[PDB]
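2 protein chains.
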Amino acid sequence: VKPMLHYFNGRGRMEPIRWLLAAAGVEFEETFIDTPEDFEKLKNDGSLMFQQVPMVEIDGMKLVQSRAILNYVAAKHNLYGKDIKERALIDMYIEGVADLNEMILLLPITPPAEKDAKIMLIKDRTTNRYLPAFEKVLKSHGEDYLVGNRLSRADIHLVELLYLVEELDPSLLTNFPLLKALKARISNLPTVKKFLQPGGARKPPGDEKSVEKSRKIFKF
Amino acid sequence: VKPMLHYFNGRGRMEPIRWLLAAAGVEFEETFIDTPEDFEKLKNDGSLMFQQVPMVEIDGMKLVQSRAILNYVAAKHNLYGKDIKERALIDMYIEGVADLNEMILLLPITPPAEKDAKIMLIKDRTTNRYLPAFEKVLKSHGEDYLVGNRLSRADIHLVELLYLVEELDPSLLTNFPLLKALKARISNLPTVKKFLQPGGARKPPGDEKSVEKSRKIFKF
Ligand SMILES: N[C@@H](CCC(=O)N[C@@H](CS)C(=O)NCC(=O)O)C(=O)O
Ligand SMILES: N[C@@H](CCC(=O)N[C@@H](CS)C(=O)NCC(=O)O)C(=O)O
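Heads up: the sequence lines are chains A and A', in that order. A prime marks a further copy of an entry chain. The first sequence begins at 3 in the deposited numbering and counts up one residue at a time. The second sequence begins at 3 in the deposited numbering and counts up one residue at a time.
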């Protein structure tokens, strides 16, 4: 039976789980949290170990914590490397992706007075810290994939971040030719291609009225 | 050969790696970052994939990202559950530990005007969200360990957080008798006992002059 994704109708912290399950060719369904009363039903059901989402129902568990869900999907569907040494590289790479993701993820709820400086810090970190590091990985081995010459979650998570970087400012990708080639190849895996095509589960970026909706339901 | 831990002489993000390696009975050494020039040497050496610490040299890798290092230690030393289903529970539990840890970890750099409210939010989340959740896990199975009736990193990470909670306010543990019993049993594993005893690698809590030292080296 298909996993069931419980979240808001939006990217938030569920978006990387959509990408990873899509890349694994796993068909899923979503129950959207449309109102406060929807969130309150999940809590009063005892479905949420920490009273939070994302929550995914898979293989008879109600899994919360984005990283717990991702770790379980990657391992079940052979996207977590061949051995614990490849896993160490994959984790080091995707934890770097996660830190830059987090800065972009919190932009919409940044006091608008400190938003410019926060956008400058993101552009600086993208061009001077993260993307040069992943570019050097691809430069060092010349293979099509970040780890083990084989598709992993690291490729999937990095390519999702490269799309977010391009949405923020396309010039940020200009000096990273190997990352652009990675983004083109991963986008063309049959599973990911359907995910990005019209009718795919890929969520649109927020607007100011969409962040408003999420700020009254979770109230953060 | 023993792993080499690169960090500041303090808890920060390296403290859970000290606990986990100690619990596994793995002897380690530390190279402390005492000055800006120490941090600059690690960066200019190309040792830090993302120009950050923690960094651990283990089995011929220079691993950065706290979670990558932890994941690799837990898996190598049999503290990550017997199967990917136990791993899903362990990850869900320790990601909840990580969120409450993070709130306590950022207290020292909280604008003092918003610190009281942030301390209230931590006490509220500790007593109403996190500790009731882990108490219920122990209540549901009556076993000595959180997962699989066997020592895992989940026990180690939760017991480190229970000590941090007790340092902040000992009354927070009052209504959690099973968590107190867990803390007493895990504290008495021979490896963890040496870690907590005088001469152990366990780091003291910060003071106002210690956070000052770290704020000029990393400048955050
Ligand atoms: N560390 C968690 C974070 C979960 C989280 O922050 N969820 C938010 C929505 S994005 C939430 O449920 N907020 C409601 C609350 O905390 O009361 C994860 O990675 O899954
Ligand atoms: N997500 C990383 C965070 C690493 C981190 O924030 N390190 C800080 C010190 S605690 C640092 O090196 N700051 C220097 C900088 O970012 O320039 C992890 O979990 O290891």
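Every residue gets a Cβ at the ideal spot worked out from N, C-alpha and C, and that includes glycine.
Interface residue (Cβ-Cβ distance to chain A less than 9 Å): A':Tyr74 is classified as such. Under DSSP, the beta-bridge partners assigned to A:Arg152 are A:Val149. Around A:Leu81, the same chain offers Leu22, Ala25, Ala26, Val75, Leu153, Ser154, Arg155 and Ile158 as residues with beta carbons nearer than 8 Å, after the five sequence neighbours per side are excluded. Against chain A', the beta carbon of A:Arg131 has neighbours under 8 Å at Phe52 and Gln53, listed in chain order. Of all residues in the stretch 94-119 of chain A', only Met94, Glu97 and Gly98 place a beta-carbon less than 7 Å from a beta-carbon of chain A. Secondary structure at A:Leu65: strand, using DSSP grouped into helix, strand and coil. Around the Cβ of A':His143, a 10 Å sphere holds fewer than 16 other Cβ atoms; the residue is exposed.
Relative to the Cα of A':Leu164, the nearest Cα in the group A':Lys125, A':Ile86, A':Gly201 and A':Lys141 belongs to A':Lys125. Judged by DSSP in its simplified three-state form, A':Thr129 adopts helix. The straight-line gap separating the alpha-carbon atoms of A:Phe52 and A':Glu39 is approximately 42 Å. Interface criterion not met: the Cβ of A:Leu81 is under 9 Å from no Cβ in chain A'.
Taking a 10 Å sphere around the C-beta of A:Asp93, we find 16 or more other C-beta atoms and assign the residue as buried.
Closer than 8 Å to some heavy atom of ligand 2: that describes the Cβ of A:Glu97.
When secondary structure is reduced to three states using DSSP, A':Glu116 falls in the helix class. The nearest non-hydrogen atom of ligand 1 is 8 Å or more from the C-beta of A:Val213. Applying a distance threshold of 7 Å between residue Cβ atoms and the heavy atoms of ligand 1 selects A:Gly14, A:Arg15, A:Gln53, A:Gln54, A:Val55, A:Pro56, A:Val66, A:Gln67, A:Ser68, A:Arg69, A:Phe220, A:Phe222, A':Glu97 and A':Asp101, given in chain order. A:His8 sits in a strand when the DSSP states are folded into three classes. Taking the beta carbon of A:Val66 as reference, the chain A' residues within 9 Å of it are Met94, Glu97 and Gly98, listed in sequence order. Looking at the DSSP output, A':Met51 bridges to nothing.
Using a Cβ-Cβ cut-off of 8 Å, A':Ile19 is close to nothing in chain A; its nearest Cβ partner there is about 13 Å away. Cβ proximity to chain A below 8 Å picks out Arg131, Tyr132 and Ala135 from the stretch 123-150 of chain A'. The Cβ atoms of A:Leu148 and A:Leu91 sit closer than 9 Å to each other.
By the Cβ neighbour-count rule, A:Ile188 is buried, with 16 or more other Cβ atoms within 10 Å of its own. According to the DSSP assignment, A':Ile92 belongs to the alpha helix (DSSP H) that extends over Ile86 to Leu107. Straight-line spacing of the CA atoms in A:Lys141 and A':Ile121 works out to 46 Å.
In the assembly as shown, A:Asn103 is a buried residue. Its beta-carbon has 16 or more other beta-carbons within 10 Å. Here A':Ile106 has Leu166 as same chain residues with Cβ atoms under 6 Å from its own Cβ, once five neighbours each way along the sequence are excluded. A':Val3: not part of any alpha helix (DSSP H); DSSP gives it neither H nor E. Residues of chain A' with a Cβ closer than 7 Å to the Cβ of A:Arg69 are, in chain order, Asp93 and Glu97. Annotated as distal: A:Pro172 and A:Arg13, with beta-carbon spacing of 9 Å or more. The beta carbon of A':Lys182 sits closer than 7 Å to the beta carbons of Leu175 from its chain, once the five residues preceding and following it are set aside; these are given in chain order.
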